[PDB]
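Protein chains in written order, with my numbering: chain A, -4 to -1; chain B, -4 to -1; chain C, 35 to 93; chain D, 33 to 311; chain E, 381 to 646; chain F, 381 to 646; chain G, 25 to 86; chain H, 25 to 86.
Here's the structure, in structure tokens; my notes come after.
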Amino acid sequence: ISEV
Amino acid sequence: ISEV
Amino acid sequence: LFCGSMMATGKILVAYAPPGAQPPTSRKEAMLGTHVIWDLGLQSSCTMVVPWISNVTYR
Amino acid sequence: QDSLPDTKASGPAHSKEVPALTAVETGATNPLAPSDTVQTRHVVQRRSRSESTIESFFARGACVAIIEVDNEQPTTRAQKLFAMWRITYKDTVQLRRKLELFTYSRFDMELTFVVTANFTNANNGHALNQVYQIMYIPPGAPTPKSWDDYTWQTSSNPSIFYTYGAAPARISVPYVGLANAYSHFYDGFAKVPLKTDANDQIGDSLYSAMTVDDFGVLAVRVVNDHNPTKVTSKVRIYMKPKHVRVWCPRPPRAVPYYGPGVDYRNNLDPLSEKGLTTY
Amino acid sequence: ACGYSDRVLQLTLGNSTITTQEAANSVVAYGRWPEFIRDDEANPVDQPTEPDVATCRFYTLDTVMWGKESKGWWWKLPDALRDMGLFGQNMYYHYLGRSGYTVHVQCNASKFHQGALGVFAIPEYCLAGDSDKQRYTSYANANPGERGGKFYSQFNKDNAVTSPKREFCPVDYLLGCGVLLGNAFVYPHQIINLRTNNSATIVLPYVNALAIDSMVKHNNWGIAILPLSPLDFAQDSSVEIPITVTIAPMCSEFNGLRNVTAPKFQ
Amino acid sequence: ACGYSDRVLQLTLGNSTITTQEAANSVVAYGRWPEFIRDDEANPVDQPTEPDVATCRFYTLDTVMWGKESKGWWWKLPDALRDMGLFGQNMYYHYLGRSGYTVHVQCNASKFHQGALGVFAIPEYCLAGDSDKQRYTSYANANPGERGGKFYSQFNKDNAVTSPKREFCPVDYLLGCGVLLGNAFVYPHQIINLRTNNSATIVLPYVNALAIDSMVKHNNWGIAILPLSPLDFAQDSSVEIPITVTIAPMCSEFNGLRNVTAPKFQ
Amino acid sequence: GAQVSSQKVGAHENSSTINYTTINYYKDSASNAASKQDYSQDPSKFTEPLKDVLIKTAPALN
Amino acid sequence: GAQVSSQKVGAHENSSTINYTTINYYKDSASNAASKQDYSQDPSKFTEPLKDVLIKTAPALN
Ligand SMILES: CCOC(=O)c1ccc(OCCCC2CCN(c3ccc(C)nn3)CC2)cc1
Ligand SMILES: *C(=O)CCCCCCCCCCCCC
Ligand SMILES: *C(=O)CCCCCCCCCCCCC
């Protein structure tokens, strides 16, 4: 994932 | 997973 | 490619004019654009590159 | 956070600094805030400009075309067994005006197709459910002459096969312009007339027009063979510019559009009557 | 320090120098100074021609007269400069050309004269035409050269269907293109208000959807000058003062050399 | 290594390329390549115009025919190039101009053809005239442009005192200037001997008593082409083959810009 | 390849930071939905295009 | 078994590297979609099939  |  | 006899000699001008002016009717006008003066001899063939000269990115 | 600047508490002033006076001749808009000319309190400002971002302003599906196509017996006179449409945002006024607040643009496009149909005549039996083919024909490709000629084989052209009653069809298209941005306005010509020309038709172009076909056409047909009874169908195309970027702002269109160019013809009087000293 | 001012400027390009003692600061369109095509934005692969001082200098166009009846004037670039010295030659000998511009509009009068000129620099200034016929304005008419074009207080439709004039009919309050003049201020601009200033100075970047293009086929910028407030003096109901437009090409470069373009302007 | 040769050359300047499969090496006049005016040799203080690729490229002049009766041909530089594209424009828009040149003379024939052309590059090629009248050759006559001039086997004095022709009368064995042709070899030169080579290639520096000068008033170099040995073929007593001259300006720079020089050539 | 971001919560239930998850199913970026998280900028290039931009408490013309 | 790759982003929103996720649901490789990430090659076998390939600044025939 890429939690921004 | 296999992130390419 | 020159498919003449070996004893035959000659000099030819091949050219490219980027768009926008009168299409060349004389060597005189043609000379002013991109051109190669080809000399006939042992190397039978001559290449002229038409360089990508354009306003738009893709024609 | 994207909230706007908080209002600052500002008190009385007796000074040589005069924010209220300026000179518009310079070309600049005077950057004043209420605290520059009146006494203000402190306001912790929570409002935001989220809904006026370029993306937000254009993030909506707009009707750009109604393509009418018929399914009926192939007679020998001009019919609508298939139809073609030049892709443009200009056959409609609403989206055209929004995009035209800007000189140049860049975006991907979402096309959504709403397809409705009905029976023409009182009765000749009924119709089994129809499947529609929407073929994109890029400039250069063979255009259809007949509703079922070889062009519809679509071996390289993109086609959508829509089934009547299904959820409205949808596709996305990339930024396909020949330039680094779509020109909403082109002060120029595709050809220059030269002194050495034979007729003067040779160098004649339409003012403000760029390429002849520009983006190509959508060809629409009903794949179904005809029933005894005729069915008329309409394809409504909704386009949405997504992942948008725009350059050079322009004044909004103030009078009604007269075709693809900036031309005006009538109703050149947009402004109402109002007395100078009447609130 | 010393005594420097917003009002007093000197502009020097090539062998040309302009002085102004009454300016109202100067505008750089869109905050962008003119620059050359960078390798990472380049498109024609051929080594460009950069004529520098011979073309990037101040060419003064023919003066126009501002009177009580004047509705407005307009010019297109590069078209206004097509016959200006070596710039014109470079423009017509090459398929491609890009150039930025310093625009200096001049109009002096007296402490007792009155009036205000709106000076606008418009990207892609597409103008409206003559007729029922859409997009029909002819090349020769769309391009007045140095002479420029004029504005009108109202739309007179070119009626002679048999032999159409094929001209623009630019109505002043519609900025000649179907929008309202008051909103033209969103374009890079200055105002010459006679009580305040002699001139306007607008620096223009190359603006286009492409890094370079055909200067003969397409105009990038339009200069529109309109009387926001009419000329007036003492009681003399027929006052007339000159407006002079001076323009310099900046960072000019050309690609695609061949024989010269000779457009038919008749 | 690989297979490189004296005889096979490629010359590329601007958007122009020349190929030759039968050259006889190439000459650099006086051992000096063309170069620009250095600051320590500069004289006009104004920033120069350096048009580069638009002017420094191969302009081909009109072809001449070599026949059994041909006595010789001559050209002057810059004059021969005065109407050649952007070089000509730059030349006439500026009081001052300097330029070097690559000269390429072309004449092919066949293994069975015979003859030899002497190709000479002369600094200050002052020619002799028509008359009893000394130093009387008119400007229009001293300057043939692209067309060039011709040589004669003997001196015919222009006799009509009443309306003098005011032309040069260049006698071939006197190099058109009172010296003997055989000694013309002290000038930078090549020979096109048909059994040996198709062409001549001479690179010329700017040579003058000044770092820069008026190109319209003064020619720096003269190109003289003479039949050292007459054209001959099999037994056909009326043989004729083409000679084509192609020239490129090199390291061209200009000073003193103003309105264009329009010389009266009639 | 899941993408996680915070929602700007307008009306709040009687229940803090709330999230939403995004996954791109297509290779062509054109096929993607809009992020709508967009950066704002200075009006300056439009409101103050001056060579010598002057400060509001000083005379515009000096 | 999720597969993650970078999209080549053409037009960019006013919002960097963007990804997409792929999962194969079927045992037979035939059932799979196309990767479209493909390697390019030399024209040489077609444009220069010579025993002694020669360099372009040298004579083709020697
Ligand atoms: C001045 C005219 O309008 C525009 O500037 C303008 C209008 C639309 C726009 O979209 C690009 C147009 C071409 C697209 C439109 C539709 N396309 C497709 C492709 C496949 C299918 C089945 N259906 N449609 C693919 C190509 C881009 C610019
Ligand atoms: C990154 O995305 C790895 C985590 C994936 C979680 C499950 C995703 C389920 C949806 C996959 C769609 C595949 C589309 C071909
Ligand atoms: C690798 O794929 C492990 C991670 C799986 C994430 C959830 C996938 C959900 C879809 C599963 C499809 C099963 C098909 C039989």
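In this text, a Cβ means the ideal position worked out from N, Cα and C, and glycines have one as well.
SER187/D CB to nearest heavy atom of ligand 1 below 7 Å: As a working note, residue 187/D is residue 155 in the fourth sequence. Of the heavy atoms belonging to ligand 1, none sits nearer than 7 Å to the Cβ of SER187/D.
CB contact flag (residue 713/F, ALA434/E, <8 Å): The displayed coordinates of chain F run from 381 to 646. Any statement about residue 713/F would go beyond what the structure contains.
Cα-Cα separation, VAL83/C to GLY54/C: Taking the first residue of the third sequence as 1, we reach residue 83/C at position 49. Taking the first residue of the third sequence as 1, we reach residue 54/C at position 20. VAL83/C and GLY54/C: Cα-Cα distance of roughly 19 Å.
Any beta strand (DSSP E) of 3 or more consecutive residues that is wholly inside the region 399 to 428 of chain F: Taking only runs of at least 3 residues, no beta strand (DSSP E) segment lies wholly in the region 399 to 428 of chain F.
Short Cβ contact (8 Å threshold) for residue 684/F with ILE627/F: Any question about residue 684/F goes unanswered here, given that chain F covers just 381 to 646.
Best match in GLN486/E, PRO431/E, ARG546/E for proximity to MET445/E [C-alpha to C-alpha]: Numbered from 1 along the fifth sequence, position 65 holds the residue referred to as residue 445/E. Nearest C-alpha to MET445/E among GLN486/E, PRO431/E, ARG546/E: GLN486/E.
Residues within the region 383 to 412 of chain E neighbouring chain G, beta-carbon criterion of under 7 Å: Within the region 383 to 412 of chain E, the qualifying residues are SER385, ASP386, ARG387, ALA404, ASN405, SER406, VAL407, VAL408, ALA409, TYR410, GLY411.
Chain-ordered chain D contacts of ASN577/E [CB-CB under 7 Å]: Start at 1 with the first residue of the fifth sequence, and residue 577/E comes out as number 197. Neighbours of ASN577/E in chain D, taken as residues whose beta carbon is under 7 Å from its own, are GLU57 in chain order.
Spatial distance of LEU300/D from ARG79/D (CA atoms): Indexing the fourth sequence from 1 puts residue 300/D at position 268. Indexing the fourth sequence from 1 puts residue 79/D at position 47. C-alpha separation (whole angstroms): 38 Å.
Proximal residues to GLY558/F (C-beta, below 8 Å), its chain only, five neighbours per side dropped: Against the sixth sequence, residue 558/F aligns to sequence position 178. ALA508, listed in sequence order.
Reference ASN62/D; option with closest CA among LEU78/G, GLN27/G, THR46/G: Residue mapping note: residue 62/D aligns to position 30 of the fourth sequence, counting from 1. For the residues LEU78/G, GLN27/G, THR46/G, the minimum Cα distance to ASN62/D belongs to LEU78/G.
Where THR107/D falls: helix, strand or coil (DSSP): As a first step, residue 107/D is located in the fourth sequence; it is residue number 75 there, counting from the start. Three-state result, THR107/D: coil.
Nearest residue (CA-CA) to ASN523/F, options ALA489/F, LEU457/F, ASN577/F, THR581/F: Against the sixth sequence, residue 523/F aligns to sequence position 143. Closest option to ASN523/F, Cα to Cα, is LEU457/F.
Spatial distance of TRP184/D from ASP140/D (CA atoms): The sequence position of residue 184/D within the fourth sequence is 152, counting from 1. The sequence position of residue 140/D within the fourth sequence is 108, counting from 1. A straight line joining the alpha-carbon of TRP184/D with that of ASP140/D spans about 26 Å.
Cβ-based neighbour list, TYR214/D, same chain, cut-off 7 Å, excluding 5 preceding and 5 following: The residue labelled residue 214/D in the question sits at position 182 within the fourth sequence. Here the set comprises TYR136, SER137, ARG138.
Presumed contact (8 Å Cβ cut-off) between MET167/D and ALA251/D, rounded CB distance: Along the fourth sequence, one-based indexing puts residue 167/D at 135. Along the fourth sequence, one-based indexing puts residue 251/D at 219. Yes, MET167/D and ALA251/D are in contact; Cβ-Cβ is about 4 Å, under 8 Å.
Amino acids of chain D, ordered along the chain, whose beta-carbon sits closer than 7 Å to that of residue 16/G: Since the first residue shown for chain G is 25 and the last is 86, residue 16/G is missing from the structure and cannot be characterised.
Among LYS513/E, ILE603/E, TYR516/E, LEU555/E, the one whose alpha carbon lies nearest that of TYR532/E: One-based indexing of the fifth sequence puts residue 532/E at position 152. When the alpha-carbon of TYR532/E is set against those of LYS513/E, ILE603/E, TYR516/E, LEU555/E, the nearest one is in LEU555/E.
Segment contact flag, the region 407 to 425 of chain E with the region 573 to 587 of chain E, C-beta cutoff 8 Å, min 3 pairs: Short answer: they touch.
Check whether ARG638/E and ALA42/C have beta carbons under 8 Å apart: Your numbering for residue 638/E matches position 258 in the fifth sequence. Your numbering for residue 42/C matches position 8 in the third sequence. By the CB criterion at 8 Å, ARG638/E and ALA42/C fall outside the cutoff.
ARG462/F beta carbon less than 8 Å from that of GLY394/F: Your numbering for residue 394/F matches position 14 in the sixth sequence. Your numbering for residue 462/F matches position 82 in the sixth sequence. No.
Test item: CB-CB of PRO544/F and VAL596/F under 8 Å: On the sixth sequence, position 164 is the one that residue 544/F refers to. On the sixth sequence, position 216 is the one that residue 596/F refers to. For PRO544/F and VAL596/F, no; Cβs fall outside 8 Å.
7 Å CB neighbourhood of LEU608/F in its chain, flanking five on each side removed: The sequence position of residue 608/F within the sixth sequence is 228, counting from 1. Contacts found: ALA496, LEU497, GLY498, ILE571.
As assigned by DSSP and simplified to three states, the class of residue 24/D: Because chain D is modelled from 33 through 311, residue 24/D falls outside the range shown and cannot be assessed.
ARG129/D to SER396/E span [Cα, whole Å]: As a working note, residue 129/D is residue 97 in the fourth sequence. As a working note, residue 396/E is residue 16 in the fifth sequence. Cα to Cα, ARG129/D sits roughly 44 Å from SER396/E.
Helix, strand or coil at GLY495/E [DSSP, three-state]: Taking the first residue of the fifth sequence as position 1, residue 495/E is located at position 115. Residue state, collapsed to three classes: strand.
Whether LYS537/F touches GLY452/F by CB criterion (8 Å): Taking the sixth sequence and counting its residues from 1, the one referred to as residue 537/F is at position 157. Taking the sixth sequence and counting its residues from 1, the one referred to as residue 452/F is at position 72. The Cβ atoms of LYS537/F and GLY452/F lie no closer than 8 Å to each other.
Residues of its chain near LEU466/F, where Cβ-Cβ distance is below 8 Å and the 5 sequence neighbours each way are ignored: Position 86 of the sixth sequence, counted from the start, is the residue given in the question as residue 466/F. Apart from sequence neighbours up to five positions away, the residues of its chain that approach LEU466/F with a beta-carbon distance below 8 Å are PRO431, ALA434, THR435, ordered along the chain.
Pick from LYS266/D, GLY59/D, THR152/D, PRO44/D that is closest to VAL70/D, judged by C-alpha positions: Position 38 of the fourth sequence holds residue 70/D. Distances from the CA of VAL70/D to each of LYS266/D, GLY59/D, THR152/D, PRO44/D were compared; the closest alpha carbon is that of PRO44/D.
Touch test, the region 232 to 249 of chain D against the region 283 to 302 of chain D, Cβ-Cβ under 8 Å, three pairs minimum: Because the criterion of three Cβ pairs below 8 Å is met, the region 232 to 249 of chain D and the region 283 to 302 of chain D touch.
Below-8 Å beta-carbon distance, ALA42/C vs any chain E residue: Numbered from 1 along the third sequence, position 8 holds the residue referred to as residue 42/C. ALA42/C does not count as touching chain E.
CB of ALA91/D within 8 Å of CB of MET271/D, strictly: Stepping through the fourth sequence from its first residue, residue 91/D is reached at position 59. Stepping through the fourth sequence from its first residue, residue 271/D is reached at position 239. 8 Å or more divides the Cβ of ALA91/D from the Cβ of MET271/D.
Nonlocal neighbours in the same chain, by C-beta distance under 6 Å from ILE87/C, ignoring five residues either side: For the purposes of this step, residue 87/C is taken as residue 53 along the third sequence, with counting starting at 1. Excluding residues within five positions, the ones whose Cβ falls inside 6 Å are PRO52.
DSSP-derived helix/strand/coil call for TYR475/F: The count along the sixth sequence starts at 1 and reaches residue 475/F at position 95. In the structure shown, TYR475/F sits in a strand (DSSP, three-state: E or B).
By C-beta, the residues closer than 6 Å to any heavy atom of ligand 2, given in chain order: Working through the chain, the matches are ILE(-4)/B, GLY25/G, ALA26/G, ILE47/G, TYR49/G, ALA26/H, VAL28/H, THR45/H, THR46/H, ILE47/H.
Cβ neighbours of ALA110/D in the same chain (closer than 7 Å, five flanking residues each side left out): Locating residue 110/D in the fourth sequence gives position 78, where the first residue counts as 1. If the five residues before and after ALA110/D are omitted, its C-beta is found closer than 7 Å to no C-beta atom of its own chain.
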